[PDB]
Amino acid sequence: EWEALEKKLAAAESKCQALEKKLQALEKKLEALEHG
Amino acid sequence: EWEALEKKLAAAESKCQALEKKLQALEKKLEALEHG
Amino acid sequence: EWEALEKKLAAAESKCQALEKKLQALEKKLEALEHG
Ligand SMILES: [Pb+2]
Ligand SMILES: [Zn+2]
Ligand SMILES: [Zn+2]
Ligand SMILES: [Zn+2]
């Protein structure tokens with residue numbers, strides 16, 4: 001439905017935001033190794 | 001169109017799922033280095 | 001609205017594309033360490 005589409009998009013946006021933060025966390029660990 | 005919007009959202013969701021798995025794979029390699 | 005939904009999906013797709021490229025950049029640094 002249209003309402004399910006709206007909720008699906010919101011859930012997709014929240015998943016991306018979580019992935020962006022996970023990537024930032026991995027970057028921090030990788031930079032610690034790269035400059036260790 | 002509406003139908004193109006539905007397909008675009010499904011394709012976007014599948015791309016995210018693939019990125020989540022790629023990030024998990026990179027995390028595994030980074031953890032091997034971090035604890036090596 | 002419907003038009004806001006279309007724009008929200010486009011913005012979400014562009015965020016994912018940027019994350020895919022960021023992940024590729026982190027992979028390159030991790031591979032340099034993994035084979036160093
Ligand atoms: Pb994403
Ligand atoms: Zn660095
Ligand atoms: Zn660790
Ligand atoms: Zn490698």
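Per chain, numbering begins at 1; letters A, B, ... match sequence-line order. The analysis underlying the following values was restricted to heavy atoms, covering all of them including side chains, and did not include hydrogens, waters or symmetry mates.
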Approximate separation, where rounding is to 0.5 Å, of [X] [atom1] and [Y] [atom2]:
X: B/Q24; Y: B/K28; atom1: CD; atom2: NZ; result: 9.5 Å
X: B/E6; Y: A/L9; atom1: CD; atom2: CG; result: 12.5 Å
X: C/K22; Y: B/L23; atom1: NZ; atom2: CG; result: 12.0 Å
X: B/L33; Y: C/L30; atom1: CG; atom2: CG; result: 6.0 Å

- request: Could you check A/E27 against A/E31 for side-chain contact (heavy atoms from CB on, under 4.5 Å), going step by step and ending with a plain yes or no?
  value: CA-CA 6 Å; A/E27 174 171 16; A/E31 292 292 344; 4.2 Å; yes
- request: Would you name the heavy atoms of A/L19 and B/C16 that are closest together and state the gap between them?
  value: CD1-O, 3.7 Å
